[PDB]
There are 4 protein chains.
Amino acid sequence: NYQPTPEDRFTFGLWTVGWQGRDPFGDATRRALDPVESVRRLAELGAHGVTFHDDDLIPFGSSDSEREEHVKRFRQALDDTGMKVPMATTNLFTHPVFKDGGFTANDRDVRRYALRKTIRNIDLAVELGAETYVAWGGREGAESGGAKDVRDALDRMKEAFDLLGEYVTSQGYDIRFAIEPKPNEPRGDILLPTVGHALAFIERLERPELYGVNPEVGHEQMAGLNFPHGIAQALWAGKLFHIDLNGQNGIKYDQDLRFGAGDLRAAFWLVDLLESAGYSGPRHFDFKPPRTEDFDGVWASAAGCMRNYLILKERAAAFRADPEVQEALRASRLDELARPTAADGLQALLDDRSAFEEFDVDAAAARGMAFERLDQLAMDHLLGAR
Amino acid sequence: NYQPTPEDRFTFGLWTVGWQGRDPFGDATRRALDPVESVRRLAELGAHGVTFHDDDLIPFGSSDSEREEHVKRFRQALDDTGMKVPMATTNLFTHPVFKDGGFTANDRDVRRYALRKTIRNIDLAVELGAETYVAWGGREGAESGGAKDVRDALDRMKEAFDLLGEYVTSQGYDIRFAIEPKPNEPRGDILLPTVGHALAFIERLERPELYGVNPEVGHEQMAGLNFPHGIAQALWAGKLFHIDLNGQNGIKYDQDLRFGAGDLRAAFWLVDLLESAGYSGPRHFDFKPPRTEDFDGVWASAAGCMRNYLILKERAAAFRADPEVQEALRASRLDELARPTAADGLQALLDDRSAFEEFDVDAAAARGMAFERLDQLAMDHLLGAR
Amino acid sequence: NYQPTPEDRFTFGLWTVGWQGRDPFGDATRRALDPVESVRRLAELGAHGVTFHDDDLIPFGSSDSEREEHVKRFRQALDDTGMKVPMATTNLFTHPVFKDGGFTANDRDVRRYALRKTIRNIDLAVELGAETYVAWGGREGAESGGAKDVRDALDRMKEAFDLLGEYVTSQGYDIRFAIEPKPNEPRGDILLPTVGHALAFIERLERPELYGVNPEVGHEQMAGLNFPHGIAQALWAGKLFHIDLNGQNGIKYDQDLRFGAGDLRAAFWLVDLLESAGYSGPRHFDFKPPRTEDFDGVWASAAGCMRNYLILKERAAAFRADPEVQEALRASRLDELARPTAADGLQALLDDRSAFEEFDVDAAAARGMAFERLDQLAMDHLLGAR
Amino acid sequence: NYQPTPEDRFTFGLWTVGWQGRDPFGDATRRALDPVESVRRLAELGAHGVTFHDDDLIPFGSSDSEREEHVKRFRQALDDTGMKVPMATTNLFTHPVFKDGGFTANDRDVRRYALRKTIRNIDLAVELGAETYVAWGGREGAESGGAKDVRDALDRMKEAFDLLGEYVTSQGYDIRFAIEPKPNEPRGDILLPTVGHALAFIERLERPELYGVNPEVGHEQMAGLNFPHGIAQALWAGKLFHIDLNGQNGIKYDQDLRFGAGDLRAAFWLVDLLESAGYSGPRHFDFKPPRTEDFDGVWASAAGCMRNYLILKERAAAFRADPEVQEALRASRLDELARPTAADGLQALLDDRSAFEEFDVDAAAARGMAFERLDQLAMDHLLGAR
Ligand SMILES: [Mn+2]
Ligand SMILES: [Mn+2]
Ligand SMILES: [Mn+2]
Ligand SMILES: [Mn+2]
Ligand SMILES: [Mn+2]
Ligand SMILES: [Mn+2]
Ligand SMILES: [Mn+2]
Ligand SMILES: [Mn+2]
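Residues numbered from 1 in each chain as written, not as in the entry; some residues may be left out. Chains lettered and ligands numbered in written order. Heavy atoms only, no water. Residues with missing side-chain atoms left out of burial classes, pairs and counts.

Structure determination for this entry is recorded as X-ray crystallography, at 1.60 Å resolution.

Rendered as structure tokens:
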């Protein structure tokens, strides 16, 4: 009955089930969880692995000794459970020093500190077996127009990413980078606010092959965009290195609900696309159990993330395998969208009278697309009402 | 008193002052304007030139004879007034045949027709002296998930743009292309919905040098994004080939108000950036005088577009030239944002103890950025309250 | 298999299935439908009745003779099919005369014309057996601040509604009024933009008992509000006289998709509330089949509206009847929300030491609400995955 | 040069200049300010008074002794500076006990505690001379549909407000209540989400005369609504008891920028309306100096709030006094909007052939409203470019 197993590749950040519930208007409602405990509880629920920011695992300001101790305990829990660590990232947003950014702070000294903190964590990530290193520039941006010259900030962001690429290359590490966009919050506007802006920026780096995107459901939805469409563009470009799954109810603060909550039809189309395209990376959940819940509610919320993905996978698979759907797809000319417009070439197109001089515009215009019937088949499959 | 002249490079689409006022819920409130009349009236107000879609100038379905007649009359009005035609574009959205798109319609025959209609208008544009050809794919998109496989639609959109590039190259034309993004309306979601998504797509075309963006104030604002920030990224990439200026009041239907209306502080920061970066293309207005107005109100609205740009230019120039502002910019470390983070190189950074081991995080964190004082100077300059 | 019957009280506006597909950027894609044909087709699909604006039934400018002829033909189709007409409304938005509003136009003569056109249609509505008369003030509003003094416009809107109430009372008609809010489109901002603003305005009319609201799913969603919450406030006030069902994908132009499309979880909670509260009015659909469709697609879209309501009704009923859900509701203290806070009275509350002096705040704070488990039960029921 | 004085009635919450800078993603960047220090600094800048939540003045959990000490120190600073305390409110959102709400928590015991905490602070407010007591129900709402039955929650919210009214009446206090709406954040959806919903709810209380609204600029803007329009409806109803002034950049998290930031044209129209209507309550600022600033930046931000109001007041006054504007207002028929539609009565309207039978619809439709010229005069006045 929709039971996950390590083979489904479900992963969770330590900061997700570990969120204590502090919000802009309130104090924590839950005590802090030890990372060893989260690993054990997640393994029992059927997850494949966990991810972390540097500061989730090693308290900021830790001595070298304390650091070694925290890592050793964590590595023991991984060995005991069989859990993996497929991705890691850096906290460049909590401490007051990062109030104006990490890579793009106006103060040069802060920029140099941000790169050193990042490099230290790349070494750790490699040691633990991570394949992807994410960067979410949550403090890179502004609340007012004069505060940041965006051209100079993009020069600084390029310079930081180029140096990180030089580092991994020189060390011979087998790790790639993934930038995670977000349009706003905590800054008034954040730089590289969507998947499109991040894809475009990557093409100006020195070694573009090392970088991809880590899109998050709720972030593109904070800009009112279609998440499955943005993911299709990232797959088309060959840059979907990792993904963050959650839920969001429209354009407002970043809710981070469990996956399946928020826009349920967009979750269906997302799973349809990931499974059809054969995405083989982790199915990672960046969510926050609501502050109304106790620990029992934390684990129920985490289990619901995986359950919802498995129900949707079943429904999308049933939709694509139904002969009546296959027929409707041809009725709506999805097979013709996949054929080249003009494999014959430009000259042939130019000489083809059927393409212009003798094209019957009225006959073509009268042809219904039959999209509503197709979408009702998709609705019936989602609801299990076939 | 803020009087424009042809030297200010102000341009208008024929469809702007010529909008009859038909909306989703109502009939036209104004009669149609002859293109010759719009040219004469615009020249008297101090504009530099006009732009057009194919169907604005030559009624759809026109015979070759009728076509020649419409062009001749238009060329006479240009000669009489000294007006130029710096940009042209194609209508691939009004006629029912384009109900599912032009370049990405599911029907292959429609796709071939869309390319032939486009090519015919490129020839005309060159004849009239246009330097930029815009493409706004208003019907490229969907209302439901199953209707369009986005990967196949991006293959089709790439194929269309590649063929157009082959055409201009083979003909030896001196024209470049600019894609205009929009997130939604008239389709539920439109492909390449923002400046970022369009920049990323260009990098996958066969001859990327021929293509840039034509961003529009109100379109990025329909996604709640910061317009000046998106323009700074387009300038950074060297792709701001043209721009569409107007106003919009937040996330809702595309209003196309006159420039200066809507978000007035964003208009200030936009003019600040265009003038500082030395953008030298046309200052084009894609706006609609509200359907409440008669002809007198049409021309008042058009004149207000240019007046508002000139007032803002004066205020931004006064802001940048004020010694007290120059001092505040240094107080907020804008001069340090423009210096390289690590011109010393990676190894030097790695060996620098002042960047990590001996960096005083608390001292750096306590430093105020003094952004509020700077933003109040910007406010006083905008309001002429210095 | 989810087959509707006249007993389900499904109704449709003539303008819904009859929308020809003209949008802000394109021409009609379908021919006009005769009202007699729509009545027959709807009856075959299992609808209960239709609704109309004056201008949908009688072409604007019709002579008295032509008017009588249009009504007679329509009454014959109703008799032939058994369809009813439970609601009617007035078109005060299409004709250019209403460009600045009907009831709140700045020109006094237009205001008087708007009331006379309305009164003429109230008489017709009564003749046809309508019980509710809707008013949607789509042109009441503004694009700029100085154009409308809102206090004076609310005086004018009150004056119009008071006169209509005096008319129905003097004639002894058994009809009530329902105001339909919308936040924007076609005006920049519309007056009484949400269900809350309309409820508040009704309390200032001379005979408040005659007026209620006609909320529409997609309109409250254009303001990013929770539709089921707004409907619960209208039911609490005893003012839900009628409802408009459809779908909308967030904050953008008014899409009017078929019911069930858009926010599917909000559609579930809406049906849950209407059926639990025992709403007994019409289940009316104000939707537009997309312009991509031919006539076959029109009727498929209309049938999907009713199918989706019946699937959701089944799922909501199964949720409320499940013993495991009833248990979860008590676990989350929904039974305690329904009990009075202080039936004991103010003095007793003041004297109760358990309410303050001896209240254990920490013990109460530690209690989880168990909302995530309850919401996952709701998800499983919606998806038929119990 | 736009210097405020106590006569301008500017007020600030202790929590505004006192915000330490903790956000959903970061730690505090400033130390806590003693309330006595804020009073002194505000008085030097020209403010009239301050406001507070219970917990801003008396740390939660304080003994009776500690409480008396905190009040005495505060009363001394008021005496020393001449500052007044025109409004007070209750914190029913920070402590974990309020995680599901105060007045509408599902647990009955929490509801009774919320009322007792409120009553204790009403007594204090009266002692300090407050005339208005605000209620912002920031935790009243939900993240999921099943968690809260909205009808029962509105019964509970009515019961709480009725008990508070009984309390003030029985004590003979001269204080009125003002409810402050907000659409979301920190809850997924908050009950009474806009000014309209709060106005409608007041009409169902036992003694409606005791309650009004406290609207906040940025909250209505989080729903994409027009703030000046909502304020005009509150003034029309006679319910604008207090106001919260700040700035917000569209639909996103609640920014609380300084007044004048965000939507500058909406700030102009707001000041125009408050001064024309003769609003005589406090001009209160609920804002947060950005976490990028040190203490110097805090006071600069606070001073900019008052400066911006005074510049806008001057510009709005100049607009209304300009003979050319007075002429444009008549050209746009603002004088006719203020005249009754039908002071002649219903029968006279019914018998008036000029209102329908002989009304020339085409002539009336051709009349331009001349709104664009009027809005450009408003723009020139705002910018000081007359
Ligand atoms: Mn997020
Ligand atoms: Mn994330
Ligand atoms: Mn536009
Ligand atoms: Mn444009
Ligand atoms: Mn609608
Ligand atoms: Mn409707
Ligand atoms: Mn706020
Ligand atoms: Mn407030």
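Describing the UniProt feature "binding site: Mg(2+) 1" in chain A
Residue and element names in this part refer to chain A. The line we're drawing: UniProt positions are given in the numbering used here, feature names are shortened, and annotations may be inferred rather than shown by experiment. Helix and strand labels come from DSSP, where a helix needs a run of H or I of at least four residues and a strand needs a run of E of at least two; each type is numbered from the N terminus. Residue exposure (1.4 Å probe, protein chains only): buried if accessible area is under 20% of the type maximum, exposed if over 50%, otherwise partly exposed. We call two N or O atoms a polar contact when they sit within 3.5 Å, provided that within protein one can donate a hydrogen and the other can accept it, with sequence-adjacent residues counted only if both atoms are side-chain atoms. Residues count as neighbours in contact if any of their non-hydrogen atoms are within 4.5 Å of one another.
Those residues carrying the UniProt feature "binding site: Mg(2+) 1" are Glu180, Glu216, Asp244 and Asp286 in this numbering. Over a stretch of 107 residues, the named residues converge on one spot in the fold, their C-alpha atoms separated by at most 11.7 Å. With respect to the element layout, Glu216 can be found in the loop between β8 (211-213) and α8 (217-221). A residue is classified by how much of its surface remains accessible, and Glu216, at 0% relative accessible area, is buried. At 2.9 Å, the side chain of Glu216 and the side chain of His219 are in polar contact. Relative to the assigned elements, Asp244 resides in strand β9 (residues 244-245). Apart from the residues within four sequence positions on either side, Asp244 is in contact with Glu180, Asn214, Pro215, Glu216, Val217, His284 and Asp286.

Thoughts on the packing of helix α10 (residues 264-277) of chain B against helix α11 (residues 295-321) of chain B
Residues and elements named next belong to chain B. The line we're drawing: Axis definition: a line fitted to C-alpha atoms, over the contacting stretch in the case of helices. Angles run 0 to 180 degrees between N-to-C directions. An angle counts as roughly parallel when it lies under 35 degrees, as roughly antiparallel when it exceeds 145, as roughly perpendicular when it falls between 65 and 115, and as oblique in every other case. For a crossing to be left-handed, the near helix must be turned anticlockwise from the far one by less than a right angle; the clockwise case is right-handed. Residues are grouped as follows: nonpolar covers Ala, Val, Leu, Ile, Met, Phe, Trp, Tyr, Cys and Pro; charged covers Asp, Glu, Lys and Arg; every other residue, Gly included, is treated as polar.
At a minimum axis distance of 9 Å, the contact between α10 and α11 shows a crossing angle of 70 degrees. If you check the angle between α10 and α11, you find them roughly perpendicular. Crossing handedness for the pair α10 and α11: right-handed. In contact with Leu264, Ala267, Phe268, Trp269, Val271, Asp272, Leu274 and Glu275 of α10, α11 contributes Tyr309, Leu312, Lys313, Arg315, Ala316, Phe319 and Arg320. Among the residues forming the contact of α10 with α11, the class breakdown is 10 nonpolar, no polar and five charged.

Examining the coordination of the manganese ion (ligand 2)
Reference geometry at the metal: tetrahedral coordination by four donors gives ideal angles of 109.5 degrees; octahedral coordination by six donors gives 90 or 180 degrees. Residues and elements named next belong to chain A. Basically, it comes down to this: A 2.8 Å cut-off from the metal defines N, O and S donors, relaxed to 3.2 Å for Na, K and Ca; water is not in the atom list, so some sites may appear incomplete.
Coordination sphere of the manganese ion (ligand 2), protein contribution only: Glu180 (OE), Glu216 (OE), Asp244 (OD) and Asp286 (OD), at 2.1 to 2.2 Å. Going along the chain, you hit the donors of the manganese ion (ligand 2) in the pattern E-x35-E-x27-D-x41-D. A gap of 4.9 Å separates the manganese ion (ligand 2) and the manganese ion (ligand 1), which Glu216 links by coordinating each metal. With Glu216 in the loop between β8 and α8 and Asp286 in the loop between β10 (283-285) and α11 (295-321), the pair connects residues that are 70 residues apart, well separated along the chain. Considered together, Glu216 and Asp286 belong to a single accessibility category, that of buried residues.

Section: the coordination of the manganese ion (ligand 5)
Taken together, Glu216 of chain C (OE), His219 of chain C (NE2), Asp254 of chain C (OD), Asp254 of chain C (OD) and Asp256 of chain C (OD) make up the full set of protein donors to the manganese ion (ligand 5), lying 2.1 to 2.3 Å away. Taking relative accessible area as the criterion, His219 of chain C reaches 3% and is therefore assigned buried.

Regarding the sheet that holds strand β9 (residues 244-245) of chain D
All names here are of chain D. We count it as follows: Here the rule is simple: two strands pair whenever DSSP picks up at least two bridges between them.
Strand order in this open sheet of eight strands is β8-β6-β4-β3-β2-β1-β10-β9, and the pairing throughout is parallel. Two strands bound the open sheet, and with one partner strand each, they are β8 (211-213) and β9. Across three bridges, the pairing between strand β1 (residues 10-13) and strand β2 (residues 49-53) is parallel. Paired with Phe12 across the strands is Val50, a residue of β2.

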